[PDB]
Each structure stands twice: as C-alpha cells, then as structure tokens.
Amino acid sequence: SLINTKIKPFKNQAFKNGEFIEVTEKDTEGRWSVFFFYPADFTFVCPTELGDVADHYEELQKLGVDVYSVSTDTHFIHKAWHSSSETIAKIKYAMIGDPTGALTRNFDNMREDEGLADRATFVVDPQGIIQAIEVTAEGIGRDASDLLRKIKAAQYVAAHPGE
C-alpha cells in the first residue's frame, strides 16, 4: 500500500494559468501537495470534481497547499480543454500531462487495460509522505470540502503529535 510512504521522483510537463511548465518531485519538497488523478479530458462526464477543487483553491493556497490534477492526456490537451470548458477554465493550479503513465504508475493508479488513471486523490506532506488516499469508481464523486477537511486535519496532526 501507499499510505505513509514517500512519493517517487517524477518529471512531467503541465499547463498552469496559460503557461506550460515542468513539474518534478523537487517542486513539492517543503510543501503540502494534492495529487488529483482523473481518467480523461473531453469526455461526457460532468467536470464537477475538478471545478470544486478549483473553488477551494483560494483557501488551499492559503494553507500552503499546492494542487496538481493529473491525467494521461498531454499538457496540450489540458490547454485546449481549459478553453473549451467553463468549468475547467476556473482552474489555476497545475494540470499535469502524463502520456508515459509514469507519474500514474508511481502512485500505482493506472487502469492498465485502458491507459487511463483511476479517480484517485493523494495528500502529501512537506516530507513527501502520503497522509491521505481516496479512490472511487466512475460516477462516485469526490467531495472538495471533505478533502479540505482531511488536509486541515493532516496539518493539525503534524503540529500536535498524539492526543
């Protein structure tokens, strides 16, 4: 299992607020990270999950938390989608492209026979330790609010060991 293990090194391109950048594990060192995996861009499922995380982005940045959405589409696809979907256009966090599937396989989150990642969210602390894991099948939504909660809770525990 991945709970309480250190994330692995990775180098991927991403689209963030209009620009293409490179993201590596080194960019997460010293910060709280949220890796939000989803299956694919441009499908016919409601973009709900991604938009809700965006709504809470304001607050997450205030807690020193970075958000990285991840799919096996290229960063090019993320850019296009960011212009086609009003829900996705709200995204200001980095949208990582994982065409090789390496970032996804890092978190053992690949649907091997589909070439797409499963709907999984991971919460990683400044030291690269996964503190919270959430995975659901298609149609079973992830609650942004509950994610926030888990994160604040994850932060408390880091500053108040045992109680």
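Numbering starts at 1 and follows the sequence shown.
On average the C-alpha atoms of 62 to 70 have higher B-factors than those of the other stretch, with 92 to 100 and 62 to 70 being the two compared.
For the two regions 122 to 130 and 49 to 57, the entry's Cα B-factors average higher over 49 to 57. Of the residues listed, 138, 112, 41, 108, the entry assigns the biggest Cα temperature factor to 138.
Ranked by C-alpha B-factor against the other modelled residues of its chain, residue 158 falls in the highest third.
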